[PDB]
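Data block below; observations after.
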Amino acid sequence: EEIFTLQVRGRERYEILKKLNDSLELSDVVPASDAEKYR
Amino acid sequence: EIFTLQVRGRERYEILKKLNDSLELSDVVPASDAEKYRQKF
Amino acid sequence: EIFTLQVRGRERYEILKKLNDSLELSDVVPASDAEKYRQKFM
Amino acid sequence: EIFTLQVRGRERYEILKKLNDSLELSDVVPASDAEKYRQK
Ligand SMILES: [Zn+2]
């Protein structure tokens, strides 16, 4: 897959953005119908 | 422990809804299951 | 108009609020003005 | 300090870039100037 890079200033911001990235990754691979059941 | 956020405009709403929905999702999918879904696709 | 969002937790709320305010700022500052700030304060 | 964040896929890269550029802009715009732009 097409891989990209971002420079992030500050450690807290990196932690926040790394969490968003990982969260978005999971949402992309969980069918919406599975996701409504987990909710 | 609940707050409501005011969002001005549709484009910001969709971005911020998306992020919020995604974080909540990570709070309710089990670690082993999340891994399965990432392996699969 | 106005949309509202139910956010769970103080920490998550502060993060999404900061993001909201940052996107707002980005929308009303011209790119030309942005680069002037990015160059002079960094 | 500076960190490098790897992202897979165009969709996600664009969203995260948008957020990160936004965060950085608000680190260099004075509080006073920021509220003037919001009022304008
Ligand atoms: Zn399971």
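So basically every Cβ, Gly included, is an ideal-geometry build from the backbone, and we count neighbours across all protein chains shown. Laboratory data are not the source of any read-out in this text; all were calculated from the coordinates shown.
Looking only at region C:14-40, which residues are among the small types (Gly, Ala, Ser) and either surrounded by fewer than 13 Cβ atoms within 10 Å (Cβ to Cβ) or outside any helix (DSSP H, G or I) (or both)?
Within region C:14-40, C:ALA31, C:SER32 qualify.
Has region B:8-17 got any residue that is under 19 Å from A:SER33 (Cβ atoms) and within 16 Å of the ligand (Cβ to nearest atom)?
Checking region B:8-17: not a single residue is under 19 Å from A:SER33 (Cβ atoms) and within 16 Å of the ligand (Cβ to nearest atom).
Out of region B:13-35, which residues are of a type outside the set (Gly, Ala, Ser), farther than 17 Å from C:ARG10 by Cα and within 15 Å of the chain's Cα centre (by Cα)?
Narrowing region B:13-35 to residues of a type outside the set (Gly, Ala, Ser): B:13-21, B:23-25, B:27-30, B:33, B:35.
Among the residues that remain, those that are also farther than 17 Å from C:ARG10 by Cα are: B:13-15, B:18, B:25, B:28-30, B:33, B:35.
Residues satisfying the conditions are B:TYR13, B:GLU14, B:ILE15, B:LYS18, B:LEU25, B:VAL28, B:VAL29, B:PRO30.
Of all residues being touching a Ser or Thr at 6+ places or on another chain (Cβ under 8 Å) and among the aliphatic types (A, V, I, L, M) in chain A, which is farthest from B:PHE41 (Cα to Cα)? Just the residue, please.
Ranking the candidates gives A:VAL8 first.
Condition check ((1) within 14 Å of B:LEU23 (Cβ to Cβ); (2) out of contact with any helix residue (DSSP H, G or I) (no Cβ under 6 Å at 6 or more places or on another chain); (3) at the interface with another protein chain (Cβ under 7 Å from one of its Cβ atoms)) across all residues:
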residue	(1), (2), (3)
C:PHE3	no, no, yes
C:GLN6	yes, yes, yes
C:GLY9	yes, yes, yes
C:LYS18	no, yes, no
C:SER26	no, no, yes
C:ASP33	no, yes, no
C:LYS36	no, yes, no
